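Comments concern the structure below.
Side chains included, hydrogens not; waters and symmetry mates left out as well; all remaining heavy atoms used. Note on naming: letters A, B, ... go to the chains in the order of the sequence lines (proteins, then strands), and numbering restarts at 1 for each one.
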Amino acid sequence: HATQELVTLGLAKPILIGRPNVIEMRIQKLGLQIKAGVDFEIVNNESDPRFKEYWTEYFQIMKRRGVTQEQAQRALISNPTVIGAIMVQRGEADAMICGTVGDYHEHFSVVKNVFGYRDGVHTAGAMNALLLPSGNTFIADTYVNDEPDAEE
Amino acid sequence: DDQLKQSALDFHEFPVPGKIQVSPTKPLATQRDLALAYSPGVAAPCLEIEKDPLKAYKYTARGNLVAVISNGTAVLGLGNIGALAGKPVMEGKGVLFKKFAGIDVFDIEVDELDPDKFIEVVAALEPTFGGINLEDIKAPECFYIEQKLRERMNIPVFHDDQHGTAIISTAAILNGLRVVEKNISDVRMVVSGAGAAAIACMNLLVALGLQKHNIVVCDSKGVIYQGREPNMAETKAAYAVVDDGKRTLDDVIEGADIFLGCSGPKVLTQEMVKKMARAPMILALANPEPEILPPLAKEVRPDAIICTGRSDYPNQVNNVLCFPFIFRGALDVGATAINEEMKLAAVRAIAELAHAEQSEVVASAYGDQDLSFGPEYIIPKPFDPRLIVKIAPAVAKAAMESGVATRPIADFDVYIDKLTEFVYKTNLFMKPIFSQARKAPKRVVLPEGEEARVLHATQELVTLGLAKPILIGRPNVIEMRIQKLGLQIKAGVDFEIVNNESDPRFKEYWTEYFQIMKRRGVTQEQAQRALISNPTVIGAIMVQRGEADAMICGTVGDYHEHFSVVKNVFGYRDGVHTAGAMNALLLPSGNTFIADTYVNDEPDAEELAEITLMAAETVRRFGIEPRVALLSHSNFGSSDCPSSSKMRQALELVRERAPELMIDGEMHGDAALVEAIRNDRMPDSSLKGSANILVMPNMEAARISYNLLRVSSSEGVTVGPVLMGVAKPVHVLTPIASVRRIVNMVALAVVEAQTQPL
Amino acid sequence: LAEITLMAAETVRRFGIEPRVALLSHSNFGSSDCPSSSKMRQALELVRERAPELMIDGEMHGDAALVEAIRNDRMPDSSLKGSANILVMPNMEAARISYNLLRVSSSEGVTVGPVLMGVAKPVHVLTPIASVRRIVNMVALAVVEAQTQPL
Ligand SMILES: NC(=O)c1ccc[n+]([C@@H]2O[C@H](COP(=O)([O-])OP(=O)(O)OC[C@H]3O[C@@H](n4cnc5c(N)ncnc54)[C@H](OP(=O)(O)O)[C@@H]3O)[C@@H](O)[C@H]2O)c1
Ligand SMILES: [Mg+2]
């Protein structure tokens, strides 16, 4: 639904990750008017033509972080967040929006491992916005650091 | 027959050619040691040998060394392929000499095939060897050559099968006559196919106190009796009965009592067995095809005493029965030859064993020994921990009785002690597990069904009939990988495939996973995603539901990624609050098990005690008596670190729980493994001999020690990591596990599922 | 750990053997995040800082360190070539247990040990079970070390 809205408003060029068959049947059942290639690009998690170059980069990132070559191969087929992060890091996409499935830190660990921290920054935080009677209010680090210290 | 032809063609020569590797049993890692071995320093042992030849067996080989000396004329069952060309099965015979009794075998093969120059070459090579194991000398020059050779050397000249199985055969006769409450005086015999190992067997069979006129020798050409041929056949006319017009074998029975024969195809029939007297004692020893088809004859007549030489049935006559152990009696006594008393007192040991077999740490579970003396049990099974400590001392005792030995053994208590010590360090507990799994296969999930190693293991398990595999993966990828690998397994026919996607039981699977893990951080959508992308979860849910009996995972990913799923689904065993992984090693001291190499990073005293008890129980089920030693960097209170105090607390807890368990600690690894160091440190230690279970303070020490010892000091793979303390049978393996490891662990899981898989 | 690694490499170099160090742990190249493995990785970084020419890698398993095929399967780009001849262990319990088990199981003869490194003057504390050959070898090593400014 969000992809349909983004195509309609022309806000982004979506790159969906999943099985094209399941995506298409779900689109038809939902009643959307988006089509593969025409409006949004589909990247198949399996039988991806760039599979070899993807798991290779993931392994080179995570070889000394507990990930073997076979684990890298298995992650680039069963972990869509890793595929999206490698896509963004390589340059085939500009941004990623994950987290709609699973736990927050399951995706944040991949994001931090691939992209890393910003320059001059040694911590990450998640800001949540609320519309209170006093106005727009933002609460800092609702998701990342369990017990930040003074510097964090 | 490629599943046997190609598999046996895949021979373990790849690392280094030849099963034997003539290697220094002494250290050679220093110029001092090298000078002691080849420079002045090695002249002294040789000079002392030359001064008095009594030192020949002492300073060198030729004490334990036999040489299976051959002209390659009857290579086990092959024939005259040649001396050098016989090397494959030459080494195959020589390898079940060291494997089962520690006999050194120099596979020197005489190239001289003439029946009179062969003896000349063998007697020329006599000083190299302290007892020759003459094999592959063919008939009829086997008897001729052995008869010539026996009279020359002053060291045990013991042929192979020609002298051979007579010990096992006459022991089987002595027990069979016991079974049917008969006596050797009136027993009648029928012999067929007087071959290399046949015509020489009744000669021993007579030595029990047997009249010659009761034996009827036969060959391919009818019946060898006195009156048949004008020229009486040698070594057979003594037994030859008077002429009576009996020209066909089907009538020469007349109610006989024994069918001792070592020959080829069938000669005996069912009506022939019917013509036999009451309580027939058919002893068809043909290896290719039994001469009577024992099931058919047993359906024809009951209370049969059928004895064969194949291991598929009890009462098997192998060389390992006494040949390595004969020389363990022959060479280890100092005899100058082997008499008929040697050949007859070892008859009174293996025959004694069959009706005197008991205890000997029977595998508490697994194994399924179920051996009782009777019509289906005449002689012990091929491989036995006391097939040595009873047969070898019998041969030595016969040596002193014959007064032909040169190094008579002292008080036999010490001899039996050393022999039993050698027994502890050579155990084959996996063969009973394979035998017990094969007679009751179970369904085992292999969640990593697309792995080449798992597919090879599946082929092996289908071939051996150990399990009913249930592979998990994409059927398409599995099938293409099978075709590429060259396997002969098919979906449904040999192994069931469970597709991780589009599984008909998807709804009922993720529902159960959610009900297990709803309050453990897993949502319904996460449960749905796990039952499609996590094969371990699918296999665990399958096993928990009851659609499979065991699981074997871990060949991909991290150990704890699978162990967390296993623990979450199955839980812990009743009365058990911890889990541990036991890894097995074949050390020079014997089978050694290291406890909790994978599960607990830093176990405490109670967890260590539970792990110790579970490891002892598992090792007991293997058929090995548990000898536990808690390991630490402190030797019996040397250090007061919390680790050593924790080890002492665990020792006290274990002693409370299991007073019968042999355990001590905390000590060093060398103190645990060698008894001299421990006796020097703790003379009153409750641990006797070498410890076979090593319990370590933390997972780092256990894992590092196991990894270093496996690649440095280890022979082969048996089992590991054996997961203990989980409710249902499941073993998490490692990504580097070999096909043999997977097959062994699947067989272990199958046998554990035969024992209430919960 | 870094100081011990450097001293061990220097001593093995003085023996005439090219040092090939491998820091050992129950984790294979970041598999576990226990403080022990993090300490091993920190030691590896410190050693690489101090001695860029030393051939060292870690942290890995014992089999990965000793056989090159396992390491190449795990880390094809490992800085360690062949078998490691220096094994640095996370704690004294693991080191002592591994050495004691390997000495009685997988070992040919005695050469030296325990070689004490980091003390001002040549001195070697032995064990009560040290043999005559061990004492002679260790005395010879101490004599040769005293020929090299015994301070
Ligand atoms: N421990 C064991 O399990 C064991 C050990 C050794 C041998 N064996 C078995 O014994 C056989 C050969 O062993 P071996 O080397 O001792 O003997 P061998 O030298 O091969 O002689 C076998 C004899 O069988 C006879 N024979 C062949 N075909 C026959 C037929 N159709 N009818 C009757 N007799 C026939 C031949 O006698 P003629 O010369 O008169 O034809 C021949 O001399 C094989 O079956 C082998 O598996 C078993
Ligand atoms: Mg043979």
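No hydrogens or angles considered: a donor-acceptor pair under 3.5 Å links the side chains of C/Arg41 and C/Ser38. B/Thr592 and B/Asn692 share no donor-acceptor pair across their side chains, judged by distance under 3.5 Å alone. Neither side chain, C/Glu59 nor C/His26, offers a donor N or O lying under 3.5 Å from an acceptor on the other. For the residue pair B/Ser690 / B/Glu675, no side-chain donor-acceptor distance below 3.5 Å is found, with atom types taken as modelled. No hydrogens or angles considered: nothing links the side chains of C/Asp57 and C/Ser79 as a donor-acceptor pair under 3.5 Å.
Contacts of C/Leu66 with chain B are made by side-chain atoms alone, with heavy-atom separations under 4.5 Å and no backbone atom involved. For a residue to count as touching a neighbouring chain, one of its non-hydrogen atoms must lie under 4.5 Å from one of that chain's; by this rule C/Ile129 touches chain B with the side chain only. There is no contact between C/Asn28 and chain B, counting heavy-atom distances below 4.5 Å. With a 4.5 angstrom heavy-atom cutoff, C/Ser25 touches chain B via backbone and side-chain atoms both. Residue contact with chain C, scored on non-hydrogen atoms closer than 4.5 Å, is absent for B/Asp680.
Per-residue counts of heavy-atom pairs under 4.5 Å with chain B were compared for C/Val110, C/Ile97, C/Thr111, C/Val104; the largest is that of C/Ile97. Here B/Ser643 is the residue among B/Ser643, B/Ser639, B/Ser714 with the most heavy-atom pairs under 4.5 Å with chain C. For the set C/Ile70, C/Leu24, C/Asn100, C/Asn91, the entry with the most heavy-atom pairs within less than 4.5 Å of chain B is C/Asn100.
Using a 4.5 Å heavy-atom cutoff, the side chains of C/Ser105 and B/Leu585 are not in contact.
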